[PDB]
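J.: Mind having a look at this structure? Questions to follow.
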Amino acid sequence: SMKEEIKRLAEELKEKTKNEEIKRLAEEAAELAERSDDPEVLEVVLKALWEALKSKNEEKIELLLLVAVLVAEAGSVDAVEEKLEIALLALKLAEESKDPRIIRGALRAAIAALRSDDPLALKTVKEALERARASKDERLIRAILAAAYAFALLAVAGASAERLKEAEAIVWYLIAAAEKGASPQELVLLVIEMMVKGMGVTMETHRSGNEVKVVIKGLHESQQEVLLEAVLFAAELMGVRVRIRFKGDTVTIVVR
Amino acid sequence: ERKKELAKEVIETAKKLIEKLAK
Amino acid sequence: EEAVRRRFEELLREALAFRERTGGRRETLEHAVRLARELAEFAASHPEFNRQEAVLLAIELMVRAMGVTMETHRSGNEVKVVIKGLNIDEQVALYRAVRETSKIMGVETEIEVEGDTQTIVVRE
C-alpha cells in the first residue's frame, strides 16, 4: 500500500539520524498518514520522506518532516476549510522566507493549530499568518509566529473558550507591540503573560536591574509543561536566552 | 467546492516547498 | 538497599533495550518517565535507601532512555546534576519525570531550564 512505503521509509530514517527530534517527527508523520486516505496527501508524505532520507543536513530533514506532518493533519478525514487555509499560509510563508527559524516556526505553529478544533483559535493563528505574509520585518514575523504557536498550545491544552478570548487580545497586543518596535526581550514577556492569563492562574512579574523576573504561583503540573513549551520555543525563536526555574509550583523566569 | 480549491493549493505548495528545501 | 540497586539494573536494561530497538512507539518518552517512577516507587518501599540516591538513579534512568549526557557535582548535602542536549519535548519529559520521582520520594529538588540544558539540584 501507499502507507506501507511510508512506514518502511519512516522506520528506515529513525535508524539513520541520531537527533531525537527527527525520530519523533518522522514517526508522527507516518502515524498521521494512516488515517488520511487521500492519495495526494500520501504522495506529499512519500515525497518528503524519500527526499529527507537522501538529504543529510538534519535541520533540512526537520523542515521536510514538518511539511509532512502539516500536510498530513490537513489531509485528516473531514477537514474544515479554515484548517486548510491556515496550512497554506504557513506553507507559503515558509517558502517566502530564508530564515530556517521562520520556516520551522510557521510550520510548527500551523501543526499545533490544527490539533485543536477551536474556531476562535483557528482564526487567531490564521489572521496572524496573513499579517506575517505581508511584512518583511523578520523580527515581526518571528514574534507573530511565536505568539501563534503559544496561543495554539493553550488551545491544545483545552483551556476555557473565555480564557482563549482573553488570550486573543494578548496576541493582538503582542503583534501590535512588535509593530511599534518593541524589544525582543519585552515581546517574550508578552508571550509569558498570555500563558498565565489563558490558564486561569496569577502572576507576579518583578523588574529591577535590567532583568525582568516573572514568578508564577498556582500553576499545576500540566500547566507548567505548556508554559515551558511556549516560553522555550518563543525564546529560541525571538533569539533571547531565558532561565525557567522550578520550585514547588512557583515558576520563575529570567529574561535579558 | 472552494475546499477543493484550497485542497489543491495545499498539496501543490507543499510539494513546491519540499523541492525548495531539497536544493 | 541491596534490593533497591538490583531493581535499577532491571529498569536500566529496559530503558536501554527500548531506546535501542527500532520500531514500536517512538513516542514512548512517557515509558522513560514510567521507568523512573517505577524505580522511585520501589525505592520508597525500602525506607532505608538514600532518597538522594533514589532521585539520582531515576534521573540517570531517564537520560539513558533519552540518550543524553549527565554530570553530577556534589557540594554539601546537595548534588547538582546537569543534563545537556535536550530538545523542547525532552525538556518537558525530563522535567515531568524529575517532578514525579522527587514527589513520590518526598524529597526537595529544584530545576532550572535554559535552552538545551536542564540543571537539577537534588538536596537532602
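We label chains A, B, ... in the order they appear in the C-alpha cells, count residues from 1 in each chain, and number ligands from 1 in the order shown.
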Residues near residue 44 (chain C), anyone? I mean within 9 Å using only C-alpha atoms, not counting same-chain ones fewer than 3 positions away, as a ChimeraX atom specification.
T.: /C:39-41,47-49,51,54,104-106
J.: What are the DSSP helix (DSSP H, G or I) residues of region 35-195 of chain A, as a PyMOL selection string?
T.: chain A and resi 35+39-54+59-74+81-95+100-115+119-134+138-157+161-179+184-195
J.: Find the residues in chain A near chain B: any atom within 6 Å counts, using only C-alpha atoms. Write them as an MDAnalysis selection string.
T.: chainID A and resid 81 88 95
J.: Please produce an output containing N, CA and C atoms for each residue in the selection, written as an mmCIF file, in the first residue's frame.
T.:
data_model
loop_
_atom_site.group_PDB
_atom_site.id
_atom_site.type_symbol
_atom_site.label_atom_id
_atom_site.label_comp_id
_atom_site.auth_asym_id
_atom_site.auth_seq_id
_atom_site.Cartn_x
_atom_site.Cartn_y
_atom_site.Cartn_z
ATOM 1 N N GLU A 81 -12.471 23.821 6.114
ATOM 2 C CA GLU A 81 -11.796 24.700 5.164
ATOM 3 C C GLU A 81 -10.758 25.579 5.851
ATOM 4 N N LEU A 88 -1.969 26.542 4.209
ATOM 5 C CA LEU A 88 -1.464 27.220 3.018
ATOM 6 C C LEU A 88 -0.698 28.485 3.385
ATOM 7 N N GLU A 95 7.987 29.290 2.338
ATOM 8 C CA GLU A 95 8.662 29.417 1.053
ATOM 9 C C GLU A 95 9.111 30.851 0.798
#
J.: At a cut-off of 10 Å, list the chain C residues touching chain A, using only C-alpha atoms, as JSON, numbers by chain.
T.: {"C": [20, 21, 22, 23, 24, 25, 26, 27, 28, 29, 66, 67, 68, 85, 86, 87, 88, 89, 90, 91, 92, 93, 95, 96, 99, 100, 108, 109, 110, 111, 112, 113, 114, 115, 116, 118, 119, 120]}
J.: Can you spit out the residues from that selection as a short mmCIF file (atom, residue, chain, number, x, y, z; two decimals), in the first residue's frame, using N, CA, C and O atoms?
T.:
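Written output follows (again.cif):
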data_model
loop_
_atom_site.label_atom_id
_atom_site.label_comp_id
_atom_site.auth_asym_id
_atom_site.auth_seq_id
_atom_site.Cartn_x
_atom_site.Cartn_y
_atom_site.Cartn_z
N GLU C 20 17.23 1.43 22.18
CA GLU C 20 18.00 0.84 21.09
C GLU C 20 17.09 0.26 20.01
O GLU C 20 17.32 0.50 18.82
N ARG C 21 16.07 -0.50 20.40
CA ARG C 21 15.29 -1.25 19.43
C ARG C 21 14.51 -0.31 18.52
O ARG C 21 13.86 0.63 18.99
N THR C 22 14.60 -0.56 17.22
CA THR C 22 13.83 0.21 16.25
C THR C 22 12.42 -0.35 16.15
O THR C 22 12.17 -1.53 16.42
N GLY C 23 11.49 0.52 15.78
CA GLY C 23 10.09 0.16 15.81
C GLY C 23 9.45 0.51 17.13
O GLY C 23 10.02 1.22 17.98
N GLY C 24 8.24 0.00 17.32
CA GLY C 24 7.49 0.38 18.49
C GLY C 24 7.07 1.84 18.42
O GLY C 24 7.15 2.50 17.38
N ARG C 25 6.60 2.34 19.56
CA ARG C 25 6.19 3.74 19.66
C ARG C 25 7.43 4.59 19.92
O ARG C 25 8.01 4.54 21.01
N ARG C 26 7.83 5.38 18.93
CA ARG C 26 8.89 6.36 19.16
C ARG C 26 8.42 7.52 20.03
O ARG C 26 9.20 8.45 20.27
N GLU C 27 7.17 7.48 20.49
CA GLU C 27 6.64 8.43 21.45
C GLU C 27 6.61 7.86 22.86
O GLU C 27 5.88 8.37 23.72
N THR C 28 7.39 6.81 23.12
CA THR C 28 7.45 6.23 24.46
C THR C 28 8.42 6.99 25.35
O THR C 28 9.09 6.40 26.20
N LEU C 29 8.51 8.31 25.17
CA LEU C 29 9.19 9.13 26.16
C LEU C 29 8.45 9.10 27.49
O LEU C 29 9.05 9.38 28.53
N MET C 66 16.66 8.47 27.04
CA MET C 66 16.64 9.56 26.07
C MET C 66 17.89 9.62 25.22
O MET C 66 17.83 10.04 24.06
N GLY C 67 19.03 9.20 25.76
CA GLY C 67 20.28 9.24 25.02
C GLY C 67 20.97 10.58 25.11
O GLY C 67 21.35 11.17 24.08
N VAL C 68 21.15 11.09 26.33
CA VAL C 68 21.79 12.36 26.57
C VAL C 68 22.84 12.18 27.67
O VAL C 68 23.02 11.09 28.21
N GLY C 85 21.81 18.71 26.03
CA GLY C 85 21.47 18.19 24.72
C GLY C 85 20.02 17.77 24.59
O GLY C 85 19.72 16.71 24.03
N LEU C 86 19.11 18.59 25.11
CA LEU C 86 17.69 18.29 25.11
C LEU C 86 16.95 19.19 24.13
O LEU C 86 17.25 20.38 24.03
N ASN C 87 15.99 18.61 23.42
CA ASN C 87 15.06 19.40 22.63
C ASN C 87 13.90 19.82 23.54
O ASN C 87 13.90 19.56 24.74
N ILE C 88 12.88 20.47 22.97
CA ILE C 88 11.80 21.00 23.79
C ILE C 88 10.96 19.87 24.37
O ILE C 88 10.56 19.92 25.54
N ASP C 89 10.69 18.83 23.58
CA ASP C 89 9.90 17.71 24.09
C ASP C 89 10.68 16.91 25.13
O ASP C 89 10.07 16.31 26.02
N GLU C 90 12.01 16.87 25.02
CA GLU C 90 12.80 16.20 26.04
C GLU C 90 12.94 17.04 27.30
O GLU C 90 13.03 16.50 28.40
N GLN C 91 12.97 18.37 27.15
CA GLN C 91 12.99 19.24 28.33
C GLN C 91 11.73 19.07 29.17
O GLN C 91 11.77 19.23 30.39
N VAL C 92 10.61 18.74 28.53
CA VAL C 92 9.35 18.58 29.25
C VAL C 92 9.25 17.20 29.88
O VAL C 92 8.77 17.05 31.00
N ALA C 93 9.71 16.17 29.16
CA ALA C 93 9.65 14.81 29.71
C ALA C 93 10.61 14.65 30.88
O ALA C 93 10.25 14.04 31.90
N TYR C 95 11.70 17.06 32.83
CA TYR C 95 11.17 17.86 33.93
C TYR C 95 10.02 17.15 34.62
O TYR C 95 9.98 17.06 35.86
N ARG C 96 9.05 16.65 33.85
CA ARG C 96 7.91 15.95 34.43
C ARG C 96 8.35 14.72 35.20
O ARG C 96 7.74 14.38 36.23
N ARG C 99 10.04 15.74 38.40
CA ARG C 99 9.00 16.27 39.27
C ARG C 99 8.17 15.14 39.89
O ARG C 99 7.75 15.25 41.05
N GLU C 100 7.94 14.06 39.14
CA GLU C 100 7.20 12.93 39.69
C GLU C 100 8.04 12.17 40.72
O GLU C 100 7.57 11.91 41.83
N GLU C 108 13.16 17.24 48.48
CA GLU C 108 13.17 18.54 47.82
C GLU C 108 14.17 18.57 46.67
O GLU C 108 15.35 18.24 46.85
N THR C 109 13.69 18.95 45.49
CA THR C 109 14.54 19.15 44.32
C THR C 109 14.11 20.42 43.61
O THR C 109 12.93 20.81 43.66
N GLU C 110 15.06 21.07 42.95
CA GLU C 110 14.80 22.30 42.21
C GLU C 110 15.45 22.21 40.84
O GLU C 110 16.58 21.74 40.71
N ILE C 111 14.73 22.68 39.82
CA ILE C 111 15.14 22.51 38.43
C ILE C 111 15.35 23.89 37.81
O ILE C 111 14.79 24.89 38.26
N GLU C 112 16.17 23.93 36.77
CA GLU C 112 16.46 25.17 36.05
C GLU C 112 16.66 24.83 34.58
O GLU C 112 17.62 24.15 34.23
N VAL C 113 15.75 25.31 33.73
CA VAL C 113 15.77 25.01 32.30
C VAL C 113 16.33 26.21 31.55
O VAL C 113 15.96 27.36 31.84
N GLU C 114 17.21 25.95 30.59
CA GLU C 114 17.77 27.02 29.76
C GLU C 114 18.21 26.40 28.43
O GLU C 114 19.25 25.74 28.37
N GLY C 115 17.41 26.63 27.39
CA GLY C 115 17.74 26.17 26.06
C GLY C 115 17.77 24.66 25.92
O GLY C 115 16.72 24.01 25.92
N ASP C 116 18.97 24.10 25.80
CA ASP C 116 19.15 22.66 25.68
C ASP C 116 19.71 22.02 26.94
O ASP C 116 19.99 20.81 26.93
N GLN C 118 19.41 21.40 31.27
CA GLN C 118 18.49 21.37 32.40
C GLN C 118 19.27 20.97 33.64
O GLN C 118 19.72 19.83 33.75
N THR C 119 19.44 21.91 34.56
CA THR C 119 20.21 21.69 35.78
C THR C 119 19.27 21.37 36.93
O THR C 119 18.29 22.09 37.16
N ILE C 120 19.57 20.30 37.66
CA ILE C 120 18.75 19.83 38.77
C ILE C 120 19.60 19.88 40.03
O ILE C 120 20.75 19.44 40.03
#
J.: Between C:17, C:122, C:98, C:56, which residue has the minimum interatomic distance to residue 34 (chain C), considering only C-alpha atoms?
T.: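 Between C:17, C:122, C:98, C:56, the residue approaching residue 34 (chain C) most closely is C:98.
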J.: Using Å and a single decimal, report how far CA of residue 82 (chain C) sits from CA of residue 121 (chain C).
T.: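 Spanning CA of residue 121 (chain C) to CA of residue 82 (chain C) is a straight-line distance of 8.6 Å.
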J.: Quick one: residues within 9 Å of residue 8 (chain C), only C-alpha atoms counted, chain neighbours fewer than 2 positions away excluded, as a CSV table (one decimal) with C-alpha atoms, in the first residue's frame?
T.:
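See out22.csv below for the written result:
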chain,number,residue,atom,x,y,z
C,3,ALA,CA,17.4,-4.9,46.5
C,4,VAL,CA,16.9,-1.2,45.5
C,5,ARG,CA,20.0,-1.3,43.4
C,6,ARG,CA,19.0,-4.6,41.8
C,10,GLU,CA,16.4,-4.3,35.6
C,11,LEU,CA,15.0,-0.9,34.6
C,12,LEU,CA,18.3,0.2,33.1
C,13,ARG,CA,18.4,-2.8,30.8
C,39,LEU,CA,12.3,3.0,40.3
C,57,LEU,CA,19.2,6.9,40.0
C,58,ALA,CA,15.9,8.0,38.4
C,61,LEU,CA,17.5,6.1,34.3
J.: Going by DSSP on the backbone, which bits of region 36-80 of chain C are strand (DSSP E or B)? Write them as number ranges by chain, please.
T.: C: 69-74, 78-80
J.: Could you work out how far CA of residue 69 (chain C) lies from CA of residue 124 (chain C), giving the answer in Å with one decimal?
T.: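 So the two atoms, CA of residue 124 (chain C) and CA of residue 69 (chain C), lie 23.2 Å apart.
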J.: Please identify all polymer residues within 9 Å of region 44-50 of chain A, counting only C-alpha atoms, omitting same-chain residues fewer than 2 positions from it, and present them as a PyMOL selection string.
T.: (chain A and resi 2-3+5-6+9-10+13+26+29-30+33+39-42+52-55+61+64-65+67-69+71-72) or (chain B and resi 11-12+14-15+18-19)
